[PDB]
Structure formats: structure tokens, C-alpha cells
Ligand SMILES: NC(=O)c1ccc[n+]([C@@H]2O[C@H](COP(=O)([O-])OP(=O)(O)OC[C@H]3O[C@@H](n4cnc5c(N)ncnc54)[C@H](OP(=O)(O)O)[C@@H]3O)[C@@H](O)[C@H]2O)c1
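One chain follows as C-alpha cells, the form deposited without this ligand.
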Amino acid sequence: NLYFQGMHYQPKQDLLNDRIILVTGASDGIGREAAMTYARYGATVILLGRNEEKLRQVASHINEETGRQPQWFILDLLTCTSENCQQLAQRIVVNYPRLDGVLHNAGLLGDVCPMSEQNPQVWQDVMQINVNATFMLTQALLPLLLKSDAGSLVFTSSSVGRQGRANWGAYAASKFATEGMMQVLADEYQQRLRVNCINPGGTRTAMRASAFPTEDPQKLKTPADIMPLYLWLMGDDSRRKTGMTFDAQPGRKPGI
């Protein structure tokens, strides 16, 4: 997972020209940063999220920066059905000829507390968003991704998706499930799609702060700082990489 270490990745500024990339959870944090970064490197970006107010602002900011205004679509992973996912895919089909990338960034942390105290309803929400709806949206978007010359599908993992640790409860279970889903898809789509996970590591975001209220967030890298791996997985330089889980901060030791 430390593969990307010492990569010092600085791609051409048009790395993603003519790539159409959908980013979920795009309203703030890592998802907003990824959408803006991909657009700055030339991509046609599609924003997905649940907050119309924030999505409008991200689209406007991207338009100010690139002269091209991305479309946004509302999809709330916690409540959507399979039919809702297929209906979102049909909207994309009408507007875009393919998807060259899908970055699944949407997710829910839920409770950080011992197993004996985990709330079963929160557990089920974490599983619903991180695993089930992420699966359902993937399934709906597979035909679009297969129209790419080399489609790239990326899930969000975590160090606790590789080794479970005390108090990480549903989040850990859901990120192990994500690594599993990713491996099944990579196997089914060998030589057709790239399918991988990214573990962003500790990053300056509201989710991180909720899990570690004592941590000084100024000691963490920002979403901007961890973008090189996100760019690499969408551009041509990662073309024959699939079935892998990569750390965005290979240098960093997990924990506070």
C-alpha cells in the first residue's frame, strides 16, 4: 500500500483532458477537492452529493477556475434505492457518452466507541452508505464505465479497512467490506476496468476531527496536499494497476 511513496508526482496540466469523471460526496472535504483538482487538470467533472447549496457553490468555484461549469446531481446514499441509482445513471447516459472515472468518496463514520456501545441503528446506516448504496451506485454506473477506453473506478478505504482496531466498529467493518468489493470487481473486470481503493490517511476534514477531537488539525495534511494519488489513479500513468489499495500518505504512520 506504500507503493506511491516518494513518487513526487507532477503530471502535465492536461493530464485529464477528455476524461469524464463522476465524484461522489462532492460538497466539501476530499470530494470537493478531488472534483476541483480533476477539473483543473482538464477533466469533465460530474458532482454527486446530497447538499444542493454546497454543490452549487462547488460548481461555481470550478467554473471560476476553469471556465467550464460541471453539472451536479442529488443522490443521498443513505436513502436511495436501486431504482434511484438506475435513474441517476439514465440521466448521466443522456448527458455523457461514457464515464472514464468514478471516485466513490461519499461515506459515513458513525460511532467511534467500543463494540459493546455501538448504536445498532448507526451501524446499519454506516453499512448502508459505505457498502450497500456504494455497491448499488457502482452497479448502475458499470455500463457507462465500460464505454471508456480505460475506465477507472476508485473506492475510499481506511487503515482500519486493512487491520481492525478497537473502537472503530461499523466504520472498520464497512471499509473491510469495501476492500472486498473492490477485489471482486477488479477480478471481474481484469483488462477492462481499473478498480482500486485509496486510503486518504489522516487528513484535515470534519470526519477526522470527530474521531480525534484532541488532535491539532493543523498538523495534518489538507485534502489539497493529498491529491497526487487521486490524480494518478485517474490519469494514464496508472493504466495497468488494478485490484490494489493505495495510501495517499505512504510516509505517514497511522494514528494521531
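The first residue of the sequence shown is number 1, and the count goes up from there.
S.K.: On average, are the C-alpha B-factors higher in 221-229 or in 61-69?
M.R.: Comparing averages over the C-alpha atoms only gives 61-69.
S.K.: So which stretch wins on mean C-alpha B-factor, 204-212 or 43-51?
M.R.: Looking at the recorded C-alpha B-factors, 204-212 comes out higher on average.
S.K.: With respect to the C-alpha temperature factors reported in the PDB entry, which of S27, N196, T37, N199 ranks highest?
M.R.: Each of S27, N196, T37, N199 was compared by C-alpha B-factor; the highest is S27.
S.K.: Is the Cα B-factor recorded for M234 in the lowest, middle or highest third of its chain?
M.R.: As the PDB entry reports it, the C-alpha B-factor of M234 lands in the middle third of its chain.
S.K.: In terms of the chain's CA B-factor thirds, is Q87 lowest, middle or highest?
M.R.: It belongs to the highest third of the chain when residues are ordered by C-alpha B-factor.
S.K.: Splitting the chain's C-alpha B-factors into thirds, which one does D125 fall into?
M.R.: According to the entry, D125 has a C-alpha B-factor in the chain's lowest third.
S.K.: Looking at the entry's B-factor column for C-alpha atoms only, identify whether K241 ranks in the lowest, middle or highest third of its chain.
M.R.: Middle third, going by the recorded CA B-factors of the chain.
S.K.: Among the chain's modelled residues, which third holds the C-alpha B-factor of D100?
M.R.: For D100, whose C-alpha B-factor we compare with every modelled residue in the chain, the answer is the lowest third.
Below: the form solved in complex with this ligand, not depicted.
S.K.: What is the one choice in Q118, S148, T138, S157 with a heavy atom within 4.5 Å of this ligand in the deposited complex?
M.R.: The option sitting close enough to the partner is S157.
S.K.: This ligand isn't shown here, but in the deposited complex which of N196, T203, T44, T37 has a heavy atom within 4.5 Å of it?
M.R.: Spelling it out, the residue with a heavy atom inside the cut-off is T203.
S.K.: Within 4.5 Å, heavy atoms only: does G29 come near this ligand in the deposited complex?
M.R.: Within the cut-off, so yes.
S.K.: Would you please decide whether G161 lies within 4.5 angstroms of this ligand in the deposited complex, comparing each non-hydrogen atom pair?
M.R.: Output for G161 is no: heavy atoms all beyond 4.5 Å of this ligand.
S.K.: Using a 4.5 Å heavy atom cut-off, state whether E179 contacts this ligand in the deposited complex.
M.R.: Flag for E179 set to no.
S.K.: Would you check, heavy atoms only and a 4.5 Å threshold, whether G107 touches this ligand in the deposited complex?
M.R.: Contact check for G107: yes, within 4.5 Å of this ligand in the deposited complex.
S.K.: With the partner removed from view, which of 179-187, 75-83, 138-146, 91-99 is the stretch that lies within 4.5 Å of this ligand in the deposited complex, judged by heavy atom distances?
M.R.: The contacting stretch is 75-83.
S.K.: Which residues within 207-229 place at least one heavy atom within 4.5 Å of this ligand in the deposited complex?
M.R.: Those in contact are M207, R208.
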